[PDB]
Amino acid sequence: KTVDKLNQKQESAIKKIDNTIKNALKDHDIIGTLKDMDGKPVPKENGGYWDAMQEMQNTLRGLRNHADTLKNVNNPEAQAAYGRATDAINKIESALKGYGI
Amino acid sequence: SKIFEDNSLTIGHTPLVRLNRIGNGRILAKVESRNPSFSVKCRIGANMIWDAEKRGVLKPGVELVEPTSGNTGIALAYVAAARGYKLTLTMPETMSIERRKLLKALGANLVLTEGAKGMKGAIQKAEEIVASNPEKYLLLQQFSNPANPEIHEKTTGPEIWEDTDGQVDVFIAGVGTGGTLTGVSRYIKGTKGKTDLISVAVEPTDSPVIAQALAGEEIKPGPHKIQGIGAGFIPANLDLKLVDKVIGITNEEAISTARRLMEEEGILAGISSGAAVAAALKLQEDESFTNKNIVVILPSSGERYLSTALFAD
Amino acid sequence: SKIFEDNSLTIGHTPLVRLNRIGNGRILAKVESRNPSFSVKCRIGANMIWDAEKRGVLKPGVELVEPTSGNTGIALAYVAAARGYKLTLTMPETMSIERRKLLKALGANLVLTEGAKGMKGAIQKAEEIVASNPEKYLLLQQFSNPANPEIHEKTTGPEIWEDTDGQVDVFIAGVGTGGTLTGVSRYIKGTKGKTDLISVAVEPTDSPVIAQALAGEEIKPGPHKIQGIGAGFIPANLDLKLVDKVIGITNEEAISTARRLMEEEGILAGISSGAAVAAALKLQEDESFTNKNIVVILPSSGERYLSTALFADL
RNA sequence: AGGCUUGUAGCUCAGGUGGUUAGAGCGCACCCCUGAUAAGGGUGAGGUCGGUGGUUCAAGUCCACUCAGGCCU
Ligand SMILES: [Mg+2]
Ligand SMILES: [Mg+2]
């Protein structure tokens with residue numbers, strides 16, 4: 001079996017997956033997304049309201065772009081980063097599926 | 001001579017109101033907030049407990065468990081209070097104190113699950129509550145129970161057929177559980193025999209899973225503000241062979257159409273109601289639907305959602 | 001084949017539900033929360049506008065003014081939005097943000113008075129607005145307009161009589177304006193000719209105005225919590241000839257009976273609904289009412305009273 | 001003169017057998033996020049792949065000649 005070596009595209013995808021999980025897959029962001037879906041959002045420090053729902057849509061679209069960058073690769077570290085991105089997407093979707101009904 | 005024995009038996013017979021200033025005067029709105037807990041869910045929270053009584057599984061001594069964070073909890077709460085049963089609703093910690101006061105003052109036992117896990121944390125807590133003693137608890141499973149579409153096959157379908165006098169040509173309803181659309185579509189198209197009905201599903205543009213299911217694409221949801229619809233999957237109550245069209249609605253035009261419906265029609269409406277009416281509007285922008293009688297479902301009232309972002313200032 | 005033309009025509013036909021775990025099984029609830037703005041006032045806010053259309057005083061080009069913020073204001077808001085007229089509601093500025101959001105969402109114009117005077121300031125400001133340009137504004141005057149008992153004579157009375165099949169014996173109604181009690185007592189005693197009906201009136205014990213008026217005393221009202229009833233005076237719309245009894249209900253009995261009604265019958269109720277069911281229970285302590293059909297009006301739900309003292313179990 | 005070796009986004013650069021047209025880091029415009037900065041994500045503008053031909057079903061990649069720059073000369 002011929003294992004490959006990564007491009008700069010796949011290494012960029014892996015670094016994006018890791019930073020997105022570290023900075024945007026927190027518990028506070030899932031709390032904020034569920035607060036945005038049922039109306040009442042979390043306010044500013046000076047007047048107004050935060051927007052966690054647009055941030056979570058950005059997070060999902062990023063993790064899907066970097067997951068479908070990494071399907072048919074044969075490097076094991078690329079497969080582990082694909083597994084981490086798939087697990088974060090499943091965490092978000094399992095937090096959101098069936099909510100509000 | 002009609003004295004209802006309890007408040008669970010008072011469901012249905014909602015008005016079908018012509019919308020005069022939204023559209024061309026041929027959008028007809030079935031106001032489903034004229035129910036004893038003021039939602040479309042009062043039909044299914046009555047019929048699931050009636051079906052559980054008829055199939056012999058709900059006895060004196062059997063409690064009811066359901067994971068819900070919407071109007072099904074309020075429906076199951078009033079029917080469990082009216083028919084003398086007990087209820088434990090599992091739900092995340094994120095939801096408000098007003099919904100908890102309404103559900104606790106109506107008789108339920110709230111189990112608040114961890115908010116980062118969210119909805120499957122509520123579902124798993126309901127499942128271990130049931131599996132601790134399976135002959136004592138009962139799980140209703142609103143996304144798979146056929147009482148959920150047969151109440152719409154046996155109540156609201158005949159109401160639309162007898163209010164329109166059979167002249168319904170386009171039926172438009174949002175899909176949260178899919179029971180309303182499949183019940184009405186099954187009664188009009190199969191039972192009574194009008195195969196020319198165009199059944200249109202309303203969906204969020206931020207989670208368009210019915211369109212991805214019809215096209216063949218991967219089912220891939222997201223977050224949205226149109227609460228009531230957009231489950232994130234295709235539930236077993238939804239039957240895609242009855243769906244002839246799907247329309248995606250953004251959050252802002254849903255909110256603006258709800259505010260239009262309140263300010264110009266006098267109908268208290270939620271975001272899903274405005275989404276369904278906006279789907280009727282951007283279907284009437286096509287020329288072939290100019291002189292079609294369009295029946296649209298308005299599930300809830302906006303007073304239920306009064307502290308939310310539907311009311312700006 | 002009934003397609004309604006607007007949401008104001010969908011009033012009435014509210015169900016009559018038997019109470020099983022409160023009383024002996026002969027208390028019959030008329031749940032008026034299943035109206036298009038979820039109150040008893042939906043009938044009168046539609047009928048006063050219909051009557052002003054039929055009298056010719058509500059021309060195209062005429063704005064409506066009414067000094068209220070309660071259920072009547074929401075009723076006038078949805079009827080003026082459904083039929084296409086302008087409403088100006090005058091209310092004191094101590095009113096909640098959420099009720100003002102509900103009234104602005106229905107397209108009403110909210111003119112706010114000061115919190116020192118309150119309702120008298122709201123009435124005086126409404127009179128000054130109508131006295132500014134009288135050919136454009138119009139007071140509806142819920143406390144003295146005969147459309148208010150006219151709608152309960154033409155709708156509510158026939159509903160109670162056709163649902164009980166002529167077996168009503170006692171009719172409990174809380175008196176805020178005295179319209180539903182006058183209308184139903186005028187349909188059953190007058191038209192159908194049943195003088196045996198016992199029409200009782202619910203008022204607070206902190207403001208026992210109807211008892212002081214029937215006993216020939218001086219009217220001295222008081223502050224109370226049962227909102228919807230207890231206006232502080234005898235309106236021009238309550239006729240005292242049709243009131244047989246007056247039952248005073250305290251605030252705690254109303255809160256506890258409304259909570260009891262919600263958690264034992266599944267009927268979402270407010271403080272006046274609990275006051276009326278508490279009066280029915282206080283009347284079933286006597287031995288002569290143990291086998292009489294009791295019809296009781298439940299005028300509002302617990303959605304509106306969600307930030308009040310009714311929901312204090314956390 | 002000969003033998004070699006470079007040229008790809010605004011700059012520095014990878015590109016595995018000829019296969020998404022074309023990618024990364026920094027730089028630019030807009031949105032969320034950090035009170036703010038750093039850290040971090042999304043969308044986009046931006047590419048005669050030095051030039052001319054040939055081969056192939058298909059050329060940034062393989063050849064032939066030129067333009068400009070680096071080594072022994
Ligand atoms: Mg965060
Ligand atoms: Mg360069």
# chains A, B, ... in the order shown; residues from 1 in each chain; ligands from 1

$ residues_near_ligand --ligand "ligand 1" --cutoff "10 Å" --atoms "only C-alpha atoms (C1' of nucleotides) and all ligand atoms" --output "number ranges by chain"
A: 22-32, 52, 55-56; D: 33-34

$ interface_residues --of "chain A" --to "chain D" --cutoff "7 Å" --atoms "only C-alpha atoms (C1' of nucleotides)" --output "list in words"
residues 8, 9, 12, 19, 20, 23, 54, 55, 58 and 59 of chain A

$ select_by_dssp --residues "stretch 11-88 of chain A" --states "helix (DSSP H, G or I)" --output "PDB file with N, CA, C and O atoms, in the first residue's frame"
ATOM      1  N   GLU A  11      -2.444  19.992   4.895  1.00  0.00           N
ATOM      2  CA  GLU A  11      -1.896  20.450   6.168  1.00  0.00           C
ATOM      3  C   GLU A  11      -2.604  21.710   6.652  1.00  0.00           C
ATOM      4  O   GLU A  11      -2.825  21.880   7.865  1.00  0.00           O
ATOM      5  N   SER A  12      -2.997  22.584   5.720  1.00  0.00           N
ATOM      6  CA  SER A  12      -3.824  23.729   6.077  1.00  0.00           C
ATOM      7  C   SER A  12      -5.177  23.291   6.612  1.00  0.00           C
ATOM      8  O   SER A  12      -5.687  23.876   7.573  1.00  0.00           O
ATOM      9  N   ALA A  13      -5.754  22.242   6.020  1.00  0.00           N
ATOM     10  CA  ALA A  13      -7.031  21.720   6.497  1.00  0.00           C
ATOM     11  C   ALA A  13      -6.914  21.153   7.903  1.00  0.00           C
ATOM     12  O   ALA A  13      -7.806  21.362   8.733  1.00  0.00           O
ATOM     13  N   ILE A  14      -5.811  20.461   8.197  1.00  0.00           N
ATOM     14  CA  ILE A  14      -5.618  19.883   9.527  1.00  0.00           C
ATOM     15  C   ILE A  14      -5.453  20.977  10.574  1.00  0.00           C
ATOM     16  O   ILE A  14      -6.057  20.914  11.660  1.00  0.00           O
ATOM     17  N   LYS A  15      -4.666  22.008  10.258  1.00  0.00           N
ATOM     18  CA  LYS A  15      -4.485  23.104  11.203  1.00  0.00           C
ATOM     19  C   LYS A  15      -5.779  23.883  11.416  1.00  0.00           C
ATOM     20  O   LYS A  15      -6.068  24.306  12.546  1.00  0.00           O
ATOM     21  N   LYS A  16      -6.587  24.028  10.360  1.00  0.00           N
ATOM     22  CA  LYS A  16      -7.891  24.673  10.486  1.00  0.00           C
ATOM     23  C   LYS A  16      -8.835  23.873  11.371  1.00  0.00           C
ATOM     24  O   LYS A  16      -9.547  24.457  12.196  1.00  0.00           O
ATOM     25  N   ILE A  17      -8.869  22.544  11.193  1.00  0.00           N
ATOM     26  CA  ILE A  17      -9.702  21.668  12.023  1.00  0.00           C
ATOM     27  C   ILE A  17      -9.335  21.809  13.491  1.00  0.00           C
ATOM     28  O   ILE A  17     -10.205  21.991  14.355  1.00  0.00           O
ATOM     29  N   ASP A  18      -8.032  21.773  13.787  1.00  0.00           N
ATOM     30  CA  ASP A  18      -7.583  21.817  15.174  1.00  0.00           C
ATOM     31  C   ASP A  18      -7.871  23.163  15.824  1.00  0.00           C
ATOM     32  O   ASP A  18      -8.379  23.211  16.953  1.00  0.00           O
ATOM     33  N   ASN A  19      -7.596  24.268  15.123  1.00  0.00           N
ATOM     34  CA  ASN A  19      -7.869  25.582  15.700  1.00  0.00           C
ATOM     35  C   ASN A  19      -9.360  25.852  15.830  1.00  0.00           C
ATOM     36  O   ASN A  19      -9.783  26.502  16.794  1.00  0.00           O
ATOM     37  N   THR A  20     -10.171  25.337  14.906  1.00  0.00           N
ATOM     38  CA  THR A  20     -11.608  25.557  14.980  1.00  0.00           C
ATOM     39  C   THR A  20     -12.222  24.773  16.132  1.00  0.00           C
ATOM     40  O   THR A  20     -13.092  25.292  16.842  1.00  0.00           O
ATOM     41  N   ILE A  21     -11.758  23.540  16.357  1.00  0.00           N
ATOM     42  CA  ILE A  21     -12.212  22.771  17.515  1.00  0.00           C
ATOM     43  C   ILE A  21     -11.755  23.424  18.815  1.00  0.00           C
ATOM     44  O   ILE A  21     -12.518  23.498  19.786  1.00  0.00           O
ATOM     45  N   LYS A  22     -10.534  23.968  18.843  1.00  0.00           N
ATOM     46  CA  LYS A  22     -10.021  24.526  20.089  1.00  0.00           C
ATOM     47  C   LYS A  22     -10.684  25.852  20.449  1.00  0.00           C
ATOM     48  O   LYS A  22     -10.904  26.121  21.633  1.00  0.00           O
ATOM     49  N   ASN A  23     -11.020  26.688  19.464  1.00  0.00           N
ATOM     50  CA  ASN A  23     -11.527  28.021  19.764  1.00  0.00           C
ATOM     51  C   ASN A  23     -13.024  28.202  19.571  1.00  0.00           C
ATOM     52  O   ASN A  23     -13.571  29.174  20.094  1.00  0.00           O
ATOM     53  N   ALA A  24     -13.707  27.308  18.851  1.00  0.00           N
ATOM     54  CA  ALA A  24     -15.117  27.497  18.561  1.00  0.00           C
ATOM     55  C   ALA A  24     -16.012  26.346  18.990  1.00  0.00           C
ATOM     56  O   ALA A  24     -17.228  26.539  19.062  1.00  0.00           O
ATOM     57  N   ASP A  27     -18.156  24.729  25.136  1.00  0.00           N
ATOM     58  CA  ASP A  27     -19.500  24.543  25.660  1.00  0.00           C
ATOM     59  C   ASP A  27     -20.295  25.841  25.609  1.00  0.00           C
ATOM     60  O   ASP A  27     -21.512  25.812  25.389  1.00  0.00           O
ATOM     61  N   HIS A  28     -19.610  26.979  25.771  1.00  0.00           N
ATOM     62  CA  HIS A  28     -20.264  28.281  25.765  1.00  0.00           C
ATOM     63  C   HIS A  28     -20.869  28.610  24.410  1.00  0.00           C
ATOM     64  O   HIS A  28     -21.937  29.228  24.343  1.00  0.00           O
ATOM     65  N   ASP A  29     -20.237  28.167  23.324  1.00  0.00           N
ATOM     66  CA  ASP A  29     -20.777  28.449  22.001  1.00  0.00           C
ATOM     67  C   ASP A  29     -22.004  27.602  21.700  1.00  0.00           C
ATOM     68  O   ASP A  29     -22.924  28.069  21.021  1.00  0.00           O
ATOM     69  N   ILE A  30     -22.061  26.377  22.226  1.00  0.00           N
ATOM     70  CA  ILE A  30     -23.241  25.542  22.039  1.00  0.00           C
ATOM     71  C   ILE A  30     -24.402  26.068  22.877  1.00  0.00           C
ATOM     72  O   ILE A  30     -25.558  26.082  22.418  1.00  0.00           O
ATOM     73  N   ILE A  31     -24.107  26.530  24.101  1.00  0.00           N
ATOM     74  CA  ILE A  31     -25.096  27.244  24.914  1.00  0.00           C
ATOM     75  C   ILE A  31     -25.632  28.456  24.161  1.00  0.00           C
ATOM     76  O   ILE A  31     -26.846  28.651  24.070  1.00  0.00           O
ATOM     77  N   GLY A  32     -24.740  29.245  23.557  1.00  0.00           N
ATOM     78  CA  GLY A  32     -25.168  30.432  22.837  1.00  0.00           C
ATOM     79  C   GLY A  32     -25.968  30.144  21.584  1.00  0.00           C
ATOM     80  O   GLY A  32     -26.896  30.888  21.253  1.00  0.00           O
ATOM     81  N   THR A  33     -25.656  29.050  20.895  1.00  0.00           N
ATOM     82  CA  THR A  33     -26.425  28.680  19.713  1.00  0.00           C
ATOM     83  C   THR A  33     -27.821  28.210  20.096  1.00  0.00           C
ATOM     84  O   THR A  33     -28.808  28.580  19.444  1.00  0.00           O
ATOM     85  N   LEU A  34     -27.930  27.431  21.178  1.00  0.00           N
ATOM     86  CA  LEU A  34     -29.245  27.019  21.654  1.00  0.00           C
ATOM     87  C   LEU A  34     -30.046  28.191  22.217  1.00  0.00           C
ATOM     88  O   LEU A  34     -31.277  28.173  22.164  1.00  0.00           O
ATOM     89  N   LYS A  35     -29.375  29.209  22.762  1.00  0.00           N
ATOM     90  CA  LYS A  35     -30.071  30.430  23.153  1.00  0.00           C
ATOM     91  C   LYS A  35     -30.529  31.237  21.946  1.00  0.00           C
ATOM     92  O   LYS A  35     -31.564  31.905  22.008  1.00  0.00           O
ATOM     93  N   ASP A  36     -29.769  31.211  20.849  1.00  0.00           N
ATOM     94  CA  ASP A  36     -30.200  31.920  19.649  1.00  0.00           C
ATOM     95  C   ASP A  36     -31.358  31.223  18.956  1.00  0.00           C
ATOM     96  O   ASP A  36     -32.191  31.889  18.333  1.00  0.00           O
ATOM     97  N   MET A  37     -31.420  29.894  19.032  1.00  0.00           N
ATOM     98  CA  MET A  37     -32.486  29.185  18.333  1.00  0.00           C
ATOM     99  C   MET A  37     -33.835  29.359  19.011  1.00  0.00           C
ATOM    100  O   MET A  37     -34.861  29.394  18.327  1.00  0.00           O
ATOM    101  N   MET A  53     -25.225  32.190  16.374  1.00  0.00           N
ATOM    102  CA  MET A  53     -25.775  31.301  15.364  1.00  0.00           C
ATOM    103  C   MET A  53     -25.025  31.424  14.044  1.00  0.00           C
ATOM    104  O   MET A  53     -24.747  30.409  13.389  1.00  0.00           O
ATOM    105  N   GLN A  54     -24.662  32.649  13.655  1.00  0.00           N
ATOM    106  CA  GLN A  54     -23.833  32.854  12.473  1.00  0.00           C
ATOM    107  C   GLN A  54     -22.445  32.269  12.672  1.00  0.00           C
ATOM    108  O   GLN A  54     -21.861  31.699  11.741  1.00  0.00           O
ATOM    109  N   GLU A  55     -21.922  32.373  13.894  1.00  0.00           N
ATOM    110  CA  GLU A  55     -20.623  31.800  14.209  1.00  0.00           C
ATOM    111  C   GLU A  55     -20.657  30.280  14.133  1.00  0.00           C
ATOM    112  O   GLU A  55     -19.706  29.657  13.652  1.00  0.00           O
ATOM    113  N   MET A  56     -21.762  29.669  14.552  1.00  0.00           N
ATOM    114  CA  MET A  56     -21.856  28.219  14.491  1.00  0.00           C
ATOM    115  C   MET A  56     -22.101  27.726  13.072  1.00  0.00           C
ATOM    116  O   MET A  56     -21.621  26.644  12.710  1.00  0.00           O
ATOM    117  N   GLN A  57     -22.799  28.509  12.246  1.00  0.00           N
ATOM    118  CA  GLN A  57     -22.911  28.166  10.827  1.00  0.00           C
ATOM    119  C   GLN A  57     -21.565  28.265  10.126  1.00  0.00           C
ATOM    120  O   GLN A  57     -21.236  27.417   9.286  1.00  0.00           O
ATOM    121  N   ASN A  58     -20.764  29.278  10.477  1.00  0.00           N
ATOM    122  CA  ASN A  58     -19.405  29.383   9.953  1.00  0.00           C
ATOM    123  C   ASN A  58     -18.548  28.207  10.400  1.00  0.00           C
ATOM    124  O   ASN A  58     -17.775  27.659   9.606  1.00  0.00           O
ATOM    125  N   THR A  59     -18.688  27.801  11.664  1.00  0.00           N
ATOM    126  CA  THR A  59     -17.926  26.680  12.203  1.00  0.00           C
ATOM    127  C   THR A  59     -18.276  25.373  11.505  1.00  0.00           C
ATOM    128  O   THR A  59     -17.379  24.604  11.127  1.00  0.00           O
ATOM    129  N   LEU A  60     -19.570  25.132  11.283  1.00  0.00           N
ATOM    130  CA  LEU A  60     -19.997  23.934  10.572  1.00  0.00           C
ATOM    131  C   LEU A  60     -19.530  23.936   9.127  1.00  0.00           C
ATOM    132  O   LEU A  60     -19.052  22.909   8.637  1.00  0.00           O
ATOM    133  N   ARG A  61     -19.635  25.073   8.437  1.00  0.00           N
ATOM    134  CA  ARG A  61     -19.217  25.114   7.037  1.00  0.00           C
ATOM    135  C   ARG A  61     -17.708  24.939   6.895  1.00  0.00           C
ATOM    136  O   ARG A  61     -17.245  24.255   5.971  1.00  0.00           O
ATOM    137  N   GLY A  62     -16.935  25.464   7.851  1.00  0.00           N
ATOM    138  CA  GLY A  62     -15.501  25.225   7.847  1.00  0.00           C
ATOM    139  C   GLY A  62     -15.131  23.774   8.091  1.00  0.00           C
ATOM    140  O   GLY A  62     -14.277  23.218   7.392  1.00  0.00           O
ATOM    141  N   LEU A  63     -15.775  23.136   9.077  1.00  0.00           N
ATOM    142  CA  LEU A  63     -15.441  21.749   9.387  1.00  0.00           C
ATOM    143  C   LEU A  63     -15.865  20.805   8.274  1.00  0.00           C
ATOM    144  O   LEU A  63     -15.184  19.810   8.022  1.00  0.00           O
ATOM    145  N   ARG A  64     -16.939  21.130   7.552  1.00  0.00           N
ATOM    146  CA  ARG A  64     -17.330  20.309   6.412  1.00  0.00           C
ATOM    147  C   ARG A  64     -16.389  20.492   5.231  1.00  0.00           C
ATOM    148  O   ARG A  64     -16.101  19.523   4.518  1.00  0.00           O
ATOM    149  N   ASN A  65     -15.924  21.729   4.994  1.00  0.00           N
ATOM    150  CA  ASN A  65     -14.958  21.962   3.923  1.00  0.00           C
ATOM    151  C   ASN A  65     -13.644  21.241   4.199  1.00  0.00           C
ATOM    152  O   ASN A  65     -13.028  20.667   3.290  1.00  0.00           O
ATOM    153  N   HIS A  66     -13.218  21.218   5.454  1.00  0.00           N
ATOM    154  CA  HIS A  66     -11.972  20.531   5.738  1.00  0.00           C
ATOM    155  C   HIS A  66     -12.159  19.034   5.898  1.00  0.00           C
ATOM    156  O   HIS A  66     -11.181  18.288   5.809  1.00  0.00           O
ATOM    157  N   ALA A  67     -13.384  18.572   6.131  1.00  0.00           N
ATOM    158  CA  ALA A  67     -13.632  17.139   6.123  1.00  0.00           C
ATOM    159  C   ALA A  67     -13.678  16.602   4.703  1.00  0.00           C
ATOM    160  O   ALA A  67     -13.144  15.523   4.428  1.00  0.00           O
ATOM    161  N   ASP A  68     -14.311  17.326   3.778  1.00  0.00           N
ATOM    162  CA  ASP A  68     -14.352  16.793   2.425  1.00  0.00           C
ATOM    163  C   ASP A  68     -13.123  17.164   1.619  1.00  0.00           C
ATOM    164  O   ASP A  68     -12.981  16.699   0.487  1.00  0.00           O
ATOM    165  N   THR A  69     -12.233  17.982   2.177  1.00  0.00           N
ATOM    166  CA  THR A  69     -10.864  17.985   1.684  1.00  0.00           C
ATOM    167  C   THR A  69     -10.188  16.650   1.972  1.00  0.00           C
ATOM    168  O   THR A  69      -9.484  16.100   1.118  1.00  0.00           O
ATOM    169  N   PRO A  76      -2.200   8.416   7.636  1.00  0.00           N
ATOM    170  CA  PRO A  76      -2.984   8.212   8.867  1.00  0.00           C
ATOM    171  C   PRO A  76      -3.240   9.462   9.698  1.00  0.00           C
ATOM    172  O   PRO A  76      -4.280   9.538  10.367  1.00  0.00           O
ATOM    173  N   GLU A  77      -2.333  10.438   9.684  1.00  0.00           N
ATOM    174  CA  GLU A  77      -2.568  11.661  10.451  1.00  0.00           C
ATOM    175  C   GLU A  77      -3.679  12.501   9.831  1.00  0.00           C
ATOM    176  O   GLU A  77      -4.468  13.131  10.554  1.00  0.00           O
ATOM    177  N   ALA A  78      -3.781  12.479   8.504  1.00  0.00           N
ATOM    178  CA  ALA A  78      -4.898  13.107   7.818  1.00  0.00           C
ATOM    179  C   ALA A  78      -6.215  12.426   8.160  1.00  0.00           C
ATOM    180  O   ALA A  78      -7.246  13.094   8.327  1.00  0.00           O
ATOM    181  N   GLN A  79      -6.195  11.098   8.302  1.00  0.00           N
ATOM    182  CA  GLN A  79      -7.399  10.369   8.689  1.00  0.00           C
ATOM    183  C   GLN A  79      -7.798  10.671  10.128  1.00  0.00           C
ATOM    184  O   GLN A  79      -8.992  10.744  10.443  1.00  0.00           O
ATOM    185  N   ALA A  80      -6.820  10.864  11.012  1.00  0.00           N
ATOM    186  CA  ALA A  80      -7.141  11.237  12.386  1.00  0.00           C
ATOM    187  C   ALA A  80      -7.727  12.641  12.469  1.00  0.00           C
ATOM    188  O   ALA A  80      -8.645  12.887  13.268  1.00  0.00           O
ATOM    189  N   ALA A  81      -7.238  13.567  11.640  1.00  0.00           N
ATOM    190  CA  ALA A  81      -7.837  14.899  11.611  1.00  0.00           C
ATOM    191  C   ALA A  81      -9.242  14.879  11.018  1.00  0.00           C
ATOM    192  O   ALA A  81     -10.119  15.628  11.476  1.00  0.00           O
ATOM    193  N   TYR A  82      -9.474  14.022  10.020  1.00  0.00           N
ATOM    194  CA  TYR A  82     -10.823  13.813   9.503  1.00  0.00           C
ATOM    195  C   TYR A  82     -11.753  13.252  10.568  1.00  0.00           C
ATOM    196  O   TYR A  82     -12.924  13.644  10.654  1.00  0.00           O
ATOM    197  N   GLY A  83     -11.246  12.332  11.388  1.00  0.00           N
ATOM    198  CA  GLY A  83     -12.048  11.795  12.471  1.00  0.00           C
ATOM    199  C   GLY A  83     -12.398  12.831  13.520  1.00  0.00           C
ATOM    200  O   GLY A  83     -13.531  12.866  14.009  1.00  0.00           O
ATOM    201  N   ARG A  84     -11.443  13.702  13.863  1.00  0.00           N
ATOM    202  CA  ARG A  84     -11.721  14.796  14.794  1.00  0.00           C
ATOM    203  C   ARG A  84     -12.759  15.775  14.254  1.00  0.00           C
ATOM    204  O   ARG A  84     -13.660  16.197  14.997  1.00  0.00           O
ATOM    205  N   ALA A  85     -12.681  16.111  12.961  1.00  0.00           N
ATOM    206  CA  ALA A  85     -13.669  17.014  12.373  1.00  0.00           C
ATOM    207  C   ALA A  85     -15.051  16.379  12.293  1.00  0.00           C
ATOM    208  O   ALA A  85     -16.058  17.048  12.557  1.00  0.00           O
ATOM    209  N   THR A  86     -15.109  15.088  11.955  1.00  0.00           N
ATOM    210  CA  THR A  86     -16.371  14.359  11.931  1.00  0.00           C
ATOM    211  C   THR A  86     -16.998  14.283  13.319  1.00  0.00           C
ATOM    212  O   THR A  86     -18.219  14.440  13.464  1.00  0.00           O
ATOM    213  N   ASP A  87     -16.175  14.096  14.353  1.00  0.00           N
ATOM    214  CA  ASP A  87     -16.699  14.039  15.713  1.00  0.00           C
ATOM    215  C   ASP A  87     -17.227  15.392  16.169  1.00  0.00           C
ATOM    216  O   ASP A  87     -18.252  15.454  16.859  1.00  0.00           O
ATOM    217  N   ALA A  88     -16.569  16.486  15.774  1.00  0.00           N
ATOM    218  CA  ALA A  88     -17.083  17.807  16.135  1.00  0.00           C
ATOM    219  C   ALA A  88     -18.389  18.124  15.408  1.00  0.00           C
ATOM    220  O   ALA A  88     -19.309  18.714  16.001  1.00  0.00           O
TER     221      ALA A  88
END

$ residues_near_ligand --ligand "ligand 2" --cutoff "12 Å" --atoms "only C-alpha atoms (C1' of nucleotides) and all ligand atoms" --output "PyMOL selection string"
chain D and resi 6-13+47+49-50

$ select_by_dssp --residues "stretch 36-72 of chain C" --states "strand (DSSP E or B)" --output "PDB file with N, CA, C and O atoms, in the first residue's frame"
ATOM      1  N   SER C  39     -59.245  35.849  25.173  1.00  0.00           N
ATOM      2  CA  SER C  39     -59.893  36.512  26.297  1.00  0.00           C
ATOM      3  C   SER C  39     -61.393  36.556  26.054  1.00  0.00           C
ATOM      4  O   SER C  39     -61.885  36.177  24.991  1.00  0.00           O
ATOM      5  N   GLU C  63     -60.172  57.550  13.662  1.00  0.00           N
ATOM      6  CA  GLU C  63     -59.267  56.852  14.559  1.00  0.00           C
ATOM      7  C   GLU C  63     -59.992  56.520  15.863  1.00  0.00           C
ATOM      8  O   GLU C  63     -60.938  57.196  16.262  1.00  0.00           O
ATOM      9  N   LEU C  64     -59.549  55.450  16.520  1.00  0.00           N
ATOM     10  CA  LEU C  64     -60.167  54.961  17.743  1.00  0.00           C
ATOM     11  C   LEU C  64     -59.271  55.246  18.940  1.00  0.00           C
ATOM     12  O   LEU C  64     -58.049  55.097  18.861  1.00  0.00           O
ATOM     13  N   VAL C  65     -59.881  55.661  20.050  1.00  0.00           N
ATOM     14  CA  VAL C  65     -59.181  55.984  21.288  1.00  0.00           C
ATOM     15  C   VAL C  65     -59.870  55.247  22.428  1.00  0.00           C
ATOM     16  O   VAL C  65     -61.096  55.310  22.553  1.00  0.00           O
ATOM     17  N   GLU C  66     -59.089  54.546  23.254  1.00  0.00           N
ATOM     18  CA  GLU C  66     -59.650  53.904  24.426  1.00  0.00           C
ATOM     19  C   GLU C  66     -58.599  53.857  25.526  1.00  0.00           C
ATOM     20  O   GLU C  66     -57.501  53.331  25.293  1.00  0.00           O
TER      21      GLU C  66
END

$ atom_distance --atom1 "atom CA of residue B:41" --atom2 "atom CA of residue B:29"
16.9 Å

$ atom_distance --atom1 "atom CA of residue C:74" --atom2 "atom CA of residue C:97"
14.5 Å

$ residues_around --residues "residue A:97" --least-positions-apart "6" --cutoff "9 Å" --atoms "only C-alpha atoms (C1' of nucleotides)" --output "VMD selection string"
chain B and resid 118 to 120 221 to 222 230 to 233

$ atom_distance --atom1 "atom CA of residue B:194" --atom2 "atom CA of residue B:167"
9.9 Å

$ residues_around --residues "stretch 105-116 of chain C" --least-positions-apart "3" --cutoff "8 Å" --atoms "only C-alpha atoms (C1' of nucleotides)" --output "PyMOL selection string"
(chain B and resi 259+262-264+266+311) or (chain C and resi 74+77-78+81+86-94+100-102+121-122+125)

$ closest_residue --among "B:115, B:92, B:12, B:134" --to "chain A" --atoms "only C-alpha atoms"
B:115

$ interface_residues --of "chain B" --to "chain C" --cutoff "8 Å" --atoms "only C-alpha atoms" --output "ChimeraX atom specification"
/B:1-7,10,15-20,34-37,77-84,98,101-102,104-107,162-165,259,262-268,303-304,306-307,311,313

$ residues_around --residues "residue B:237" --least-positions-apart "5" --cutoff "10 Å" --atoms "only C-alpha atoms (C1' of nucleotides)" --output "PyMOL selection string"
chain B and resi 142-150+175-183
